[PDB]
Structure formats: C-alpha cells, structure tokens
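Visitor: So I've got this experimental structure, pasted below with the sequence.
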Amino acid sequence: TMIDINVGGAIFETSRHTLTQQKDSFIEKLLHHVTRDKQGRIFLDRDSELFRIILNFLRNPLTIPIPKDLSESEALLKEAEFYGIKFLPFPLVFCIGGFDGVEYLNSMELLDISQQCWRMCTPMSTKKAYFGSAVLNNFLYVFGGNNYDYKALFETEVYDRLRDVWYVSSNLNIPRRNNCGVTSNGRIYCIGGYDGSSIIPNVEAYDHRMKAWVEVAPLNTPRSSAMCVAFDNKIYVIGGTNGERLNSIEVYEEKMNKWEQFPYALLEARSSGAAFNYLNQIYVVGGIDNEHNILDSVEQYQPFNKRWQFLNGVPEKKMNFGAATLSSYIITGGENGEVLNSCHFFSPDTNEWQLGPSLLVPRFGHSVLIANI
C-alpha cells in the first residue's frame, strides 16, 4: 500500500511499510483528524529537505545519511528525534583517549558488534588522559584532562559521528584534570577535579544555546577523581578525594542550582572508580580506597532500605577505567599495577559480570561514551 505525504509543501510517495518500520515512532503512530492539504494528504509543517534525507534513509537503512555540514548534522539528529527515528539499531560504544603506560593517547576505539571486537576509530586532535566526558544530542564531548604539554587542560573537543569529524568547542573557565562529566536535562556539567595546584569544588555547565561553559553553584567539598551519575533531575557526586578519599556524596538539585549532602555515605570511601544507575538504584564500582588499596568492590544503593550494600565484585581490581551504561554496563581498561585492556559487562538482572572483547590499546585514564544515533 502506497501513501502520499506532504511535508513543508513537498510531496513524498512511499509505502506504509517504509514509514512504519520503526515501531512506536511518531511517523508510525501518525498513520484521528490530522491536518491535511488541499489534495487530502497528511500535512506536516516541517522541513522538506530534512524529511527527504530521513525518507531516503528509511528506504535503505543499510546506508546512513552524510550531513553536508555541522548545521545539517545537528538539524538532522533533532529532526530524527522528533520523528522518533534511529539511524542505527544498536549503540555505538566508543573508547576514548587515556594513557598507555608511556604516552597520552588521542586514539579512539569503536566496538564492532558484528565482528565482536574493538576497532580503531577516528582520533581526536589532542592527546589526553583524566578528562571529563559526556554525550549531548548524540555528539561526544571531552573536556579538561592533562598531557605532556599541560598539567591541566581547558579544551573541549566534540565528535560528530555522522560526518566522522572532531571539532573544537568552548573552553572551560577553569582548566582541570580528574574532573567528572555528566549530562543532566540538556546541559553538560563539568565537576571538580584538580587545577594543577589544588583540588577544586568548582562546577561549570555547558549550554548548547549559549555555546559556552559557565560556572554554576560549586560543590560544598572540593573533590577530585569523584564518581558521578545523573537521573530524576539530580546529579549525584560520589566519593573522590579532597586530600583524603571520601565516602560522602553530594546532590545537585538541578532545578534549584543548589548542592545538598546525601544522607547515606558509601561503605568504602574511594576515588577513581565509576558510578551508574539503573531505575532508582545507584551502583559504585572499583577505584581505590583511603588506605591505597585498588578495588574490585561494587556497592549498590537501595532506596527502599536507605542504605548501601555490597554486591559481588568485578572480576579484577581496577581504577581509572572507562565505563558507560547501555540499556547493562560496560567497563573497559584501567590500571591495577599493570595497564589493562580487559572489558566486562555488568547485568543488573543477575548482578554478575561477563567477559567482553579486549581493547586494541591497553589504556587507563580514558573514557567510554555511547552514541545512539
């Protein structure tokens, strides 16, 4: 069955199967009194050209659009989000930067799901470790860090996967390493770290309308190598060091621009691990404790019990690893005396860990970011 649709005055003719192959999308749902044109065709008051690109993708999903410039790339992704269209039916898992034992890295690895192995990807321009990272509108952001040229960086680089290019974005106000990065309600937060001389409490937010980083309310305790996770309009900043490694947690009420103390501290004071969340539960993994032991332990916060409890640990002790959450949780690389290339997946369904494919370049001080284009 063929359908004619009007988008921005332009007429597109296609099958219903083409427009509805992605279940629960806006276009699929749209197929109730809808606005129609003078010929009785479904009318959408949206950009014709962006729709033409998206439709040509739907006609052959094995080929991904190549936007002609940054503006079109951003516009295409926002338009696909509106229509509820994803250009790939799997996540893109990126391993970025870090330190291999002798050199700072600008290299990036991408998990190849069909081949079940990591592959080398497009490198960023600046080699660096211990930086903050976040995803915003499915662009990858990396900011701060250190390398051989600077003990504390202010540069922000951004990766556009559709055009396969890195570009330079806005400078941090306070150059820093061992800072946390997290996305919360459409902004990126750069949190704490070390400015080259001192551990700092400062927090900066990136707003993509402003195209700039601006200082917001600071942490109440300076923290470096902390762990952070954001959900339910809050940002949780967990552990880290102020000179001593901490079990305390701070919470940013994003809507109030205020930091508050979380009432329930970690069981093991620690820095240099990672935190993540699933549903309303918070998980903290790995890192190093205040007696300088490198950790494999995992802690889970259960809201019903209002306490942290241990789970089974990760299969090896590690700190300064890269990690990110999938729909699952992946941890890659890190260090524990040696430089690691190991990768493991955590399942909240079993609370157990599964071996994954190993990185091409053993590294620590790197980041993992996921794009869902």
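Guide: The structure has been received and is ready for your questions. Numbers count the residues shown, from 1 in each chain.
Visitor: burial count for residue 94?
Guide: Residues lying near residue 94 (other CB atoms under 10 Å) number 25. Where C-beta positions appear, they are placed from N, C-alpha and C, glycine not excepted.
Visitor: Repeat that for residue 139.
Guide: When neighbours are defined as other CB under 10 Å, residue 139 has 22 of them.
Visitor: And the helices in the protein?
Guide: Assigned by DSSP state H, the chain shows helices spanning 16-19, 26-30, 48-59, 70-83.
Visitor: Let me have those in JSON lines, extended by mean neighbour count and distance to residue 213.
Guide: JSON lines is the format used below for the helices of the chain (neighbours: other CB atoms under 10 Å; distance: least, CB to CB, whole Å):
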{"stretch": "helix 16-19", "mean neighbour count": "15", "distance to residue 213": "40"}
{"stretch": "helix 26-30", "mean neighbour count": "15", "distance to residue 213": "33"}
{"stretch": "helix 48-59", "mean neighbour count": "17", "distance to residue 213": "29"}
{"stretch": "helix 70-83", "mean neighbour count": "17", "distance to residue 213": "18"}
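Visitor: Ok, which of those comes nearest residue 268?
Guide: Judged by CB to CB, the one of the helices of the chain that comes nearest to residue 268 is helix 70-83, at 39.6 Å.
Visitor: what residues does the closest one touch?
Guide: Here helix 70-83 makes contact (CB atoms under 8 Å, 6 or more residues apart in numbering) with 25-27, 46-47, 50-51, 53-54, 65, 67, 86-87, 137-139, 160, 162-163, 167, 373.
Visitor: Mind checking which of those residues are in strands?
Guide: Mapping the contacts of helix 70-83 onto strands (DSSP state E) picks out 139, 160, 167.
Visitor: How is the protein partitioned into domains?
Guide: With domains defined by curated CATH domains, the chain comprises 1-75, 76-373.
Visitor: winner for burial among those?
Guide: domain 76-373 (a mean of 19; mean count of other CB atoms under 10 Å).
Visitor: Determine how far the last residue of that domain lies from the first.
Guide: End-to-end distance of domain 76-373 (CA to CA, to the nearest Å): 10 Å.
Visitor: residue boundaries of the strands in the stretch 251-373 of the chain?
Guide: 258-261, 270-271, 274-278, 281-285, 288-289, 298-302, 307-311, 322-325, 329-332, 343-347, 352-355, 367-371 (DSSP state E, counting those that start in this stretch).
Visitor: Send me the last one as CSV with only the CA atoms.
Guide: As requested, C-alpha coordinates have been extracted for strand 367-371 and formatted as CSV (Å, rounded to 0.1, in the frame of the first residue of the first chain):
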residue,chain,number,x,y,z
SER,A,367,36.6,7.4,28.9
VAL,A,368,33.8,5.4,27.3
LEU,A,369,30.9,7.2,25.7
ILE,A,370,27.8,5.8,23.9
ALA,A,371,26.0,7.3,20.9
